[PDB]
**Student:** 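Encoded as structure tokens, here's the structure I'll be asking about.
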Amino acid sequence: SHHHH
Amino acid sequence: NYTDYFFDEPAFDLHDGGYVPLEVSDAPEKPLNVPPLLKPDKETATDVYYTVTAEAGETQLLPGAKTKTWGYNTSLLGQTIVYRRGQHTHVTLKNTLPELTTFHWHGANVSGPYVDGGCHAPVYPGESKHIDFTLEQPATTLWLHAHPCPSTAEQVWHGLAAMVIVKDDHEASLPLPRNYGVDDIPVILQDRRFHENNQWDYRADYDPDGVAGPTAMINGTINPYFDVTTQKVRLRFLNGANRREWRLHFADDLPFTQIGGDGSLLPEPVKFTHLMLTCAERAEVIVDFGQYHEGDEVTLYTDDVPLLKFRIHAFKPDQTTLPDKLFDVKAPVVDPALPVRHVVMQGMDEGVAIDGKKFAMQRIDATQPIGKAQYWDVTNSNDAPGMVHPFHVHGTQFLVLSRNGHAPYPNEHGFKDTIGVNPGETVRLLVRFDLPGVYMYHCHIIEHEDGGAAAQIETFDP
Amino acid sequence: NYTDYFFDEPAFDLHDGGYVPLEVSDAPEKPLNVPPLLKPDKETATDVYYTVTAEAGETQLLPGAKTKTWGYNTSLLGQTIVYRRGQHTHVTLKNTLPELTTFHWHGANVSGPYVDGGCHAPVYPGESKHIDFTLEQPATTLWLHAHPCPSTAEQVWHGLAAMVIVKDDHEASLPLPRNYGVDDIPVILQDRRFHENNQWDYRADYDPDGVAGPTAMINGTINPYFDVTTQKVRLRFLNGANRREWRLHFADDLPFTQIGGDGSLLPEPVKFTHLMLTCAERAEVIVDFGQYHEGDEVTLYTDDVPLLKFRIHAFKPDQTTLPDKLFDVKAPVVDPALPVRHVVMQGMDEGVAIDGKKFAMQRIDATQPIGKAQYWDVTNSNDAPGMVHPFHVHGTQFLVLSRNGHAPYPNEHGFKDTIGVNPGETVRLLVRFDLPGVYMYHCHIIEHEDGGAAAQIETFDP
Ligand SMILES: [Cu+2]
Ligand SMILES: [Cu+2]
Ligand SMILES: [Cu+2]
Ligand SMILES: [Cu+2]
Ligand SMILES: [Cu+2]
Ligand SMILES: [Cu+2]
Ligand SMILES: [Cu+2]
Ligand SMILES: [Cu+2]
Ligand SMILES: [Cu+2]
Ligand SMILES: [Cu+2]
Ligand SMILES: [Cu+2]
Ligand SMILES: [Cu+2]
Ligand SMILES: [Cu+2]
Ligand SMILES: [Cu+2]
Ligand SMILES: [Cu+2]
Ligand SMILES: [Cu+2]
Ligand SMILES: [Cu+2]
Ligand SMILES: [Cu+2]
Ligand SMILES: [Cu+2]
Ligand SMILES: [Cu+2]
Ligand SMILES: [Cu+2]
Ligand SMILES: [Cu+2]
Ligand SMILES: [Cu+2]
Ligand SMILES: [Cu+2]
């Protein structure tokens, strides 16, 4: 569920 | 809301105008290359003898043609070299390349400028040199890479880098994974651009602000997986890229514990979910796969891009626990007679400089007496927008005292040889040189080094 | 059964195992490029001001894609730069290349090692330098080329060479063709190998014994012709090749007269049908087309290969005859307190060396007092089979006294800065340095220089 930048 | 990393978010590489995003390769998944340990030519308790040969060959990286590559004792990168504290070490350096090169022991406190193996230690094609030295420094992960001036960036791009592991008695007494290739592995983080026929072309990709390609390469492997056969795994991260910053985390934010930095164990273990490394930085971490089960594949990312898959196999439970203290960092006392040294990194692109000047091989820029610790205030003067400059000093392991007058980052309380300095920031280092001679300090975005953002310091016996 | 050339036939380049024969290109015939005269930014009688900019561009050499090339004040080679004995000369050096470079005034008696523009005079991308000097030497043809160490061979290959003309009162008084581009032209002799898309690729063609391609290139032109509009023509030959020797003759063995060499006019005119030149040698010749009529063509060859076609148009008959003596060679007296210096060139391929050593940038190999002429005995110690090594000394114009105890060649009684030394041969030179500092001597097969066959000499005021 989590994406970076 | 917040970045998950310690560095200043606006300065991240991904804001540069010419930023090259990583792209996932379609190349098939394959086992992570673990470079074999280099077999000594001869070893006793007191003496070890090695031959390190720079060579050209070919490596199957993508399907189709093999990539033309350089390596140490192998076609690409290098066999891992083990040194021991207090052991008299003998190395024959052999160059079988068509170009002159240099053998720089990054982070090794050996004499300069010859043994150190920077600009002033050329080895011509077909020739050999003999060096020897005894390391008196803590156990850590160092590395070897080419350092002709100019031409460092290009030679590293061809593939001339190798991990160096330094052992000591203290580290051997700690409860750490240490079975090399099984639960203790190098993770050499690089990128490349592949052109026609899977070849590299540094000059086509040249950028004075730093070369980066879209394909991640881990220990000279594309789309690597690692078979985990133990509950805990030690990873020796090395940023071996020309410019790129790595922002490392697992897909599901699996925690990991940093136990070592560039120059030593950290005094205490530091828990992380996300860790950023600038060029030449090393970080040693333990990952615990205890919540996973046979058949699971857990992936390490940089940002949104997958890098390295860990295929989980059956493993025996592991109850062991790290001590609260890993290592006693004994800070030297500053010599009170010595002033504060101010070093200023200036400019970007072609205009990069240190203290108003571009490097000159005949010119000494600074002096410092051996055995005497001095405060170095290092400033990245670039206004907004700017970049994080990794500042490296040859011939010392330094300590980090402060960042803009505040605490160092949590993983910066051990010995380091490279530190990322944010735009506008002044960092205070405690720097002592043990051995006399000539040493370089510079930015370790390698194109900046080649572009002349370097100076040299003469250390002397008083 | 006699060769027509002065050098030792067995040692000619064409006997090497990796010899690359020239081949006539299929490219269209076209007018010989005559590089324009570089316009001073400002000139008075006492001072001249110039801007010399190293730049990267593209040149249409073959049909289709343009070749990526480097040049001075142009895409390839350079604009011809005119200096005058006695005139204070100001040059701004500007580097707009992506790599650092050096601005070497080959044969110009200027201070070293900075103005000289050798290994110790880097100019980084984007920076400028200011030099000034006053030439106090005879009129002659010199040249400018890149000289970073290493990387000279590669930068010359990219196209960083330009002709430099030095004027004086004595030469102006002589009845010589001097209308630049009409009856007085550079003939810059080089070779290249074209790859995919008409590009050059030094690294693919690299050979430590000397790089040579099959395609002759004359002033940056493939398959050139020149329209002759005068009875007599002055050709200023420069061997700007990495290795290749030129063995020059016209179709029908049409005579020509050499009037000049590297460093001065010849004392007396010398008549030739066949002239051999090694790397960096220059030779100024007068060709008389008096016997030909409009519509005739005369081809200049090297060996059996056509280089340059001279197309005879209508011409006024000539107002010239050469004096029996062109120039007074004022030979200095050897300082009798000084020993004979012996310099030995050794090895081939990767093993090239001078006096048992490869070059080191911070090492001084020799010393000599300024203002004092010394005998240098220079030996090529290559057994047969060997090669002719062109030996070059920075910062001086020397005199050739003898070859194996015999007379120098007919065209070697003037001042020279480069001399071809045959296998096993000792040449005796008379060498004086006017200016203090640091100078180099080396083989001018450019791969040999980059491979470390060079040493440095420090000159001092006593
Ligand atoms: Cu942002
Ligand atoms: Cu020993
Ligand atoms: Cu030894
Ligand atoms: Cu390094
Ligand atoms: Cu280093
Ligand atoms: Cu290369
Ligand atoms: Cu995350
Ligand atoms: Cu299994
Ligand atoms: Cu300060
Ligand atoms: Cu930037
Ligand atoms: Cu930098
Ligand atoms: Cu360095
Ligand atoms: Cu023959
Ligand atoms: Cu003046
Ligand atoms: Cu000036
Ligand atoms: Cu030259
Ligand atoms: Cu020269
Ligand atoms: Cu090709
Ligand atoms: Cu003939
Ligand atoms: Cu006509
Ligand atoms: Cu040879
Ligand atoms: Cu002798
Ligand atoms: Cu030279
Ligand atoms: Cu040579």
Side-chain angles (χ1 to χ4, degrees), chain B residues 56 68 95-102 113-114 119-129 148-150 153-154 158 195-197 199-209 211 347-353 357-361 363-364 438 447-454 456, chain C residues 56 68 95-102 113-114 118-129 148-150 153-155 158 196-197 199-209 211 347-353 357-364 438 447-448 450-454 456:
Chain B
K68 293 182 178 182
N95 183 12
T96 64
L97 307 166
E99 281 170 49
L100 87 71
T101 193
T102 266
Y114 298 115
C119 303
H120 306 272
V123 181
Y124 285 88
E127 99 176 341
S128 286
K129 299 288 186 193
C149 303
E154 178 212 70
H158 287 321
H195 299 249
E196 190 192 349
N197 287 121
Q199 299 313 309
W200 294 335
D201 189 348
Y202 178 76
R203 289 297 151 198
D205 297 336
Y206 175 75
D207 176 345
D209 205 38
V211 173
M348 296 182 301
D349 308 297
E350 288 170 3
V352 288
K357 289 179 187 178
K358 273 183 195 287
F359 179 71
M361 223 181 303
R363 195 187 61 234
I364 304 298
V438 180
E447 281 74 27
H448 293 177
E449 180 202 312
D450 285 350
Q456 47 196 178
Chain C
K68 299 195 170 178
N95 181 12
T96 64
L97 303 169
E99 284 169 42
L100 89 72
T101 192
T102 267
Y114 299 121
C119 306
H120 302 277
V123 182
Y124 284 87
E127 75 165 358
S128 286
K129 301 272 182 165
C149 304
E154 203 187 322
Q155 292 209 345
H158 280 300
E196 194 182 355
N197 288 132
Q199 299 316 306
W200 295 334
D201 189 349
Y202 181 75
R203 287 298 153 195
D205 296 333
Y206 177 70
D207 180 332
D209 211 37
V211 172
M348 288 182 302
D349 313 301
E350 299 182 315
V352 286
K357 303 185 177 190
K358 291 188 177 288
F359 176 80
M361 218 173 303
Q362 319 302 348
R363 191 181 70 233
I364 302 297
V438 178
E447 285 71 26
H448 289 177
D450 283 346
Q456 38 191 195

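Below, chain A is the first sequence line, B the second, and so on; all start at residue 1. Note: hydrogens, waters and symmetry copies are ignored here, and every other heavy atom, side chains too, is used.
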**Student:** Tell me, for C:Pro98 versus chain B, whether the close heavy atoms (under 4.5 Å) come from the side chain, the backbone, both or neither.
**Tutor:**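 Both backbone and side chain of C:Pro98 come within 4.5 Å of chain B.
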**Student:** Measure B:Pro125 against the heavy atoms of chain C and call it side chain, backbone, both or neither at under 4.5 Å.
**Tutor:**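 Looking at B:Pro125, backbone and side chain both touch chain C.
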**Student:** Tell me if a side-chain donor or acceptor on B:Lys358 pairs with a main-chain N or O of B:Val352 at a distance below 3.5 Å.
**Tutor:**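 Yes; at least one donor-acceptor contact below 3.5 Å.
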**Student:** Does some side-chain heavy atom of B:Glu154 sit less than 4.5 Å from a side-chain heavy atom of B:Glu99?
**Tutor:**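 Yes. Closest side-chain heavy atoms under 4.5 Å.
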**Student:** Only counting residues at least two apart or in another chain, list the ones meeting side chain to side chain donor-acceptor pair (under 3.5 Å) with C:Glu447.
**Tutor:**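 Side chain to side chain donor-acceptor pair (under 3.5 Å) check on C:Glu447 returns C:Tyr202, C:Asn242.
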**Student:** Looking at B:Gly452, B:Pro208, B:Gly351, which one has more heavy-atom pairs under 4.5 Å with chain C than the rest?
**Tutor:**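 Of B:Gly452, B:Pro208, B:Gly351, B:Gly452 has the most heavy-atom pairs under 4.5 Å with chain C.
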**Student:** Any side-chain heavy-atom pair from C:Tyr114 and C:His120 closer than 4.5 angstrom?
**Tutor:**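 Yes, at least one pair of side-chain atoms sits under 4.5 Å.
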